[PDB]
Amino acid sequence: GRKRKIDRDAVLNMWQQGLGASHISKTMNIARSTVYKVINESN
């Protein structure tokens, strides 16, 4: 599906609010390099 069962607002907030690798992880639930696994996907 497209927007049925998938996340997006989670990482969309940890980056679009003003964070950086380490500070982004403390705000959400994932390390900074793991976070870039997402940012790279551009999903």
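Residues numbered from 1 in each chain as written, not as in the entry; some residues may be left out. Heavy atoms only, no water.

Deposited coordinates in this entry are attributed by the record to solution NMR.

1. Concerning the UniProt feature "DNA-binding region" in the protein chain
Formally: UniProt positions are given in the numbering used here, feature names are shortened, and annotations may be inferred rather than shown by experiment. For helices the rule is a DSSP run of H or I covering at least 4 residues; for strands it is a run of E covering at least 2, with both sets numbered from the N terminus onward.
Summarizing the sequence annotation, UniProt attributes the feature "DNA-binding region" to residues 21-40 in the numbering used throughout. The distance separating the terminal C-alpha atoms of residues 21-40 is 13 Å; by composition the span is 80% helix and 0% strand.

2. Some words on the side chain of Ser25
Put simply, the rule is: Any pair of N or O atoms that falls within 3.5 Å is considered a polar contact. Within protein, one atom must be able to donate a hydrogen and the other to accept it, and sequence-neighbouring residues count only if both atoms are side-chain atoms. Should any heavy atoms of two residues lie within 4.5 Å, those residues are considered in contact.
On the secondary structure map, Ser25 appears in helix α2 (residues 21-27). Only 2.6 Å separates the side chain of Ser25 from the side chain of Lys26, close enough to count as a polar contact. Leave out the neighbours within four places in its chain, and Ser25 touches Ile30, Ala31 and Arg32.

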